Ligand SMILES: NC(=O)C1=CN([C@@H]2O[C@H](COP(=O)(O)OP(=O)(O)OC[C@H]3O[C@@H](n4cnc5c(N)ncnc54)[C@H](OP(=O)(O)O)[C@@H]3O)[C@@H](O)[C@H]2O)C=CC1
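What follows is one chain in structure tokens, specifically the form deposited without the ligand.
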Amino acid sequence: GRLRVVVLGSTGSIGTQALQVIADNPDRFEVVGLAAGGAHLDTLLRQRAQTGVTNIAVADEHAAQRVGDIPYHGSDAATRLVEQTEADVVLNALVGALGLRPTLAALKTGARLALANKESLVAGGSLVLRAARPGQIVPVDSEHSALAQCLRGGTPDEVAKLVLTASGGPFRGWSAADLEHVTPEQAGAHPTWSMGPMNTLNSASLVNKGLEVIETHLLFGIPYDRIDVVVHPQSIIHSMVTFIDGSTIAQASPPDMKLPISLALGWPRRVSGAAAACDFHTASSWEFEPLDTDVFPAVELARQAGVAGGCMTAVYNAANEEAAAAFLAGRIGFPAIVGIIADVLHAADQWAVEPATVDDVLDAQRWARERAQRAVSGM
């Protein structure tokens, strides 16, 4: 039959691509809910007009003032929509902190959660894992989606290593001396339209890969010491699984997020025609090289945070947010992003306790932000 889908974060890159997948596959999917922030109210109102979906949520009460007929508006709007909407799949593509409560609400409904929101795993950690039942969470991002597919190649007991691929960013192969000179623009500071500035920077700093490694541990239950990273500049192989016999299973496709989005929505069932396959009529090469961990320690630091447990990965990510924003503002140089992450993290052992509530996670983040601000300013 047809899967009933709630799209949370409908105006962002993931949400709008998921809506296209859904529009191209009305045999497979129907939209039954849409939630957005308020900054792109006009897009949401157009989405309402195009889909006929009236079940909509706007987080920003002020933005909601511009319209007289939104069923859910205000801070908890997306949570309330999830709580009150019958659905088979909740796509959580909200950004940051506001993704966390809707994730928990979605898990409670017993819907499948197609999860794009990183905050939910990286910050919400054991809160989210304790709430989720086996297989309930399906990851949306390309590396995790690749892993989910490759894990089909054997039983859970047969897994030796998970290997995430990394593009290496713009500074792949750069020395520590080279990194001193990095400008915001070089690191991907462009007023690009659909995505925030953080995602290309996190790629360059290798912090994105650290976050992905942490999410991998939480998603697949594999120890950090069995989660490896390889640099693969073509981004054709999206990740790999090495099994106990020595066999490695890899997932490969030309970069296109509609592939992992379609599979997350249809899981376990593939969606015909989602993306173009690899073409072997033209010669190509797929290159692998090790990450220089002396120059890029962000993944090693992510493993340290993840191994420490509790709210430590929330600390890692919040320290990053602050430091990275400071680099983009010209308050620090590029190498100091991961320098500041490390300094905050090493100070943060009080946060290794497991959180009981969302407030607990929020408190660790608050602490980490302030600690990173002091590192940045010298105060």
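Residue numbers run from 1 along the displayed sequence. We call the rigid core the largest set of C-alpha positions that still match within 1.5 Å between the two forms.
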With the rigid core as the fit anchor, does 136 to 144 or 96 to 104 show bigger C-alpha shifts in 6 other deposited structures of this protein? 96 to 104
More variable segment, 325 to 333 or 307 to 315 [Cα RMS over structures in 6 other deposited structures of this protein, core-superposed]: 325 to 333
Is it the case that at least a third of the other compared entries omit residue 288, given both of its neighbours are modelled there? no
Compare the other PDB entries of this protein and indicate whether residue 196 is left unmodelled in at least a third of them. yes
Which is higher in the entry, the mean Cα B factor of 304 to 312 or that of 282 to 290? 282 to 290
On average, are the C-alpha B-factors higher in 190 to 198 or in 231 to 239? 190 to 198
Checking the record values for 35, 32, 328, 341, which has the greatest CA B factor? 328
Member of 120, 79, 85, 145 with the greatest C-alpha B factor (per the PDB record): 85
Against its chain's modelled residues, does residue 158's Cα B factor rank lowest, middle or highest third? middle
In terms of its chain's C-alpha B-factors, the third that includes residue 375 is the highest
Third of chain Cα B-factors occupied by residue 247: lowest
Pull the Cα B-factor of residue 211 out of the PDB entry and bin it into the chain's lowest, middle or highest third. lowest
Third of the chain, ranked by Cα B-factor, where residue 355 sits: highest
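Another form, the form deposited with the ligand bound, is not on view; read the next lines as being about it.
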Is residue 365 one of the residues lying within 4.5 Å of the ligand in the deposited bound form, judged by heavy atom distances? no
Looking in the deposited bound form, any heavy atom of residue 273 within 4.5 Å of the ligand? no
Closest heavy atom of residue 18 to the ligand in the deposited bound form, within 4.5 Å or not? no
Answer for residue 154 alone: is it within 4.5 Å of the ligand in the deposited bound form, judged on heavy atom distances? no
Are 105, 136 and 355 jointly within 4.5 Å of the ligand in the deposited bound form, each by at least one heavy atom? no
Contact stretch among 300 to 308, 118 to 126, 242 to 250, 174 to 182 - heavy atom within 4.5 Å of the ligand in the deposited bound form: 118 to 126
Can you work out which of 110, 223, 268, 196 has a heavy atom no more than 4.5 Å from the ligand in the deposited bound form? 196
Of the residues spanning 130 to 168, the ones with some heavy atom within 4.5 Å of the ligand in the deposited bound form are 141
